[PDB]
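**Student:** Sharing a structure, written as C-alpha cells. Questions coming.
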Amino acid sequence: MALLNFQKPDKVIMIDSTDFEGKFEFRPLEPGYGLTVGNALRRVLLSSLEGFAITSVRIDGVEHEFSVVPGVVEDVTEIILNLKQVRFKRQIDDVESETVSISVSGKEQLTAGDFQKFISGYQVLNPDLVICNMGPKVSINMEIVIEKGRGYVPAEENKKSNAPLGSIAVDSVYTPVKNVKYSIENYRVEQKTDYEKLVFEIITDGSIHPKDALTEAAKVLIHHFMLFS
Amino acid sequence: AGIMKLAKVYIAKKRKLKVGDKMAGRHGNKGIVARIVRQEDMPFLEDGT
C-alpha cells in the first residue's frame, strides 16, 4: 500500500520495427530501474528464447563427415558448416519436428531456398545462403531433420542411437536473437527531471519478432519472480 | 619380412575448443582456456556486441 508515489510506466512503445529489427521505449522509470529492466531483459533475450535448427544430415553416398561428394567443390564439412547457418521460421502451428528429403539436380549452386520446395512446416529466412557449389551434372540427395530447441546443443548430444546408417549429427545454434542493445536516457515528468527512459534495440534472425521476443523474455522473468510470493 | 598382411585403420577426431586447451598469440602470450563464458555474461560494448 506504500507503492503510491512510485511512478510506473503505462505501456511499452514501439518506435520502429521490422521482422528483423525493432526499437522500443520504456518510460517513465524510477532512477536505477532502467538498468535493472534492461539488463534482465537482455540476458533473458540472449539466453532462453526458443528457435529452430537442423539436427541431422544424410548425404547419399557419404558415410562420414570427413568425405567428399563427387562433383562438389565444398567438402562435407563445409556443407555441414553452411547447413548450420540456415534459419527457419515456423509456418504451421504445433509442428515441433520435420524430416525433409531434398533432391537437387541440374543447378550450379545449392542455396537454402532450394530446400523450401521440400519443407512444409518451416520457412527458410535466408534463401540466399549458399550450401555448396556443384557441377551442372551433379545430383545431390540429402535428408535433413529440423527440431526445436534452446541455446546451443552440440552434435554429441544430437546423436540418435536409432538413426539410419550414414546420418551425420550437426551442431545446432537454436538462438533467435542476434543482438540486444539498450540505453538509458533521462526523462522529465512535470517538475522532476530525474526519471529514466529506457530504449531497446533488438536484432533477431526473423524467426521471432522483436516485440514477441520482448514479450517472451518478460514472461520468463514473471515466471521466475512469481516464486518469491 | 615375416609379415603376411598389414592392416591399417584411420580414425578422424574432430576436437572442439574446450577448457584446458592451450591457446596462444603470435607474441608469446600463451595461456589455458579457464572458462567458456556465456555470451550474455561476457563484456559488451555500447552497441550491445
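Keeping their order, the protein sequence lines are chains A and C. So in PDB author numbering, spot 221 of the first sequence is number 221, and the numbers just go up one at a time. Each number in PDB author numbering corresponds to the 1-based position in the second sequence with 1025 added. Beta carbons: idealized from backbone N, C-alpha and C, even for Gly.
Under 7 angstroms between C-beta atoms, does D1072(C) make it to chain A?
**Tutor:** Chain A, which has a Cβ nearer than 7 angstroms to the Cβ of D1072(C), makes this yes.
**Student:** Using CA atoms only, rank isn't needed, just tell me which of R150(A), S183(A), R188(A) and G206(A) is closest to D1072(C).
**Tutor:** Checked all of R150(A), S183(A), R188(A) and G206(A); the closest Cα to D1072(C) is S183(A).
**Student:** Cα separation between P164(A) and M142(A)?
**Tutor:** Distance between the alpha carbons of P164(A) and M142(A): 13 angstroms.
**Student:** By the 10 Å Cβ neighbour count, where 16 or more other Cβ atoms means buried, how is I222(A) classified, buried or exposed?
**Tutor:** Per the 10 Å Cβ criterion, exposed.
**Student:** When you compare the CB positions of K8(A) and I15(A), do they come within less than 7 angstroms of one another, or not?
**Tutor:** No, Cβ-Cβ distance for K8(A) and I15(A) is not below 7 angstroms.
**Student:** Considering only the alpha carbon of each residue, which of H209(A), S207(A), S103(A) and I202(A) lies closest to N39(A)?
**Tutor:** That would be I202(A), whose Cα lies nearest to the Cα of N39(A).
**Student:** Using a Cβ cut-off of 9 angstroms, pull out every chain C residue sitting near residue 275(A), in sequence order please.
**Tutor:** There is no way to answer for residue 275(A), as the model of chain A reaches only from 1 to 229.
**Student:** Give the residues from the segment 1050-1068 of chain C that approach chain A closer than 9 angstroms (Cβ to any Cβ), ordered along the chain.
**Tutor:** Answer in chain order: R1063, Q1064, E1065 and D1066.
**Student:** Going by the DSSP bridge assignment, what does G149(A) pair with across the sheet?
**Tutor:** Answer is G51(A), bridged to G149(A).
**Student:** For residue 251(A), which residues in the same chain have their Cβ closer than 8 angstroms to its Cβ, ignoring the five residues on either side in sequence?
**Tutor:** Lying before the first or after the last residue shown, residue 251(A) is absent from chain A, which here runs from 1 to 229.
**Student:** Whole angstroms is fine: what's the gap from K159(A)'s alpha carbon to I59(A)'s?
**Tutor:** Rounded to whole angstroms, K159(A) to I59(A) spans 16 angstroms at the Cα level.
**Student:** Hey, would you say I13(A) sits closer than 7 angstroms to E30(A), going by beta carbons?
**Tutor:** No, these two residues do not count as a Cβ contact at 7 angstroms.
**Student:** Whose C-beta lies closer than 6 angstroms to the C-beta of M1067(C) among residues of the same chain, with five residues either side of it excluded?
**Tutor:** There are no such residues.
**Student:** In whole angstroms, give me the CA-to-CA distance for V104(A) and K219(A).
**Tutor:** Distance between the alpha carbons of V104(A) and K219(A) is about 42 angstroms.
**Student:** What does the Cβ neighbour count give for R27(A), buried or exposed, with the cut at 16 atoms within 10 Å?
**Tutor:** Under this definition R27(A) is a buried residue.
**Student:** Tell me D16(A)'s beta-bridge partners as DSSP assigns them.
**Tutor:** Answer is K23(A), bridged to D16(A).
**Student:** Which of helix, strand or coil does DSSP assign to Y1035(C)?
**Tutor:** Coil at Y1035(C), not helix or strand.
**Student:** Quick one: which chain A residues come within Cβ less than 7 angstroms of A1037(C)?
**Tutor:** Those are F66, listed as they occur along chain A.
**Student:** If you measure between the beta carbons of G34(A) and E196(A), is that distance less than 7 angstroms?
**Tutor:** Taking 7 angstroms as the Cβ cut-off, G34(A) and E196(A) qualify as a contacting pair.
**Student:** Using the Cβ count rule (16 or more neighbours within 10 Å means buried), how would you classify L110(A)?
**Tutor:** The residue is buried, with at least 16 neighbouring Cβ atoms inside 10 Å.
**Student:** Would you call the segment 127-138 of chain A in contact with the segment 71-85 of chain A, where contact means no fewer than 3 C-beta pairs closer than 8 angstroms?
**Tutor:** Contact holds: three or more Cβ-Cβ distances are below 8 angstroms.
**Student:** Which chain C residues sit within Cβ distance under 7 angstroms of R43(A)?
**Tutor:** The contacting residues are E1065.
**Student:** With a CB to CB cut of under 8 angstroms and the five nearest residues on each side skipped, what residues in its chain are close to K107(A)?
**Tutor:** The answer, listed in chain order, is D114, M134 and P136.
**Student:** Could you have a look at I80(A) and say whether DSSP puts it in helix, strand or coil?
**Tutor:** Residue state, collapsed to three classes: helix.
**Student:** For a test of the three-state rule: what should DSSP assign to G1056(C), helix, strand or coil?
**Tutor:** Note: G1056(C) maps to strand in three-state DSSP.
**Student:** Where do the N-terminal and C-terminal ends of the alpha helix (DSSP H) with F88(A) fall, by residue?
**Tutor:** Taken as a continuous stretch (DSSP letters only), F88(A) belongs to no alpha helix (DSSP H), being part of the beta strand (DSSP E) at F88 to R90.
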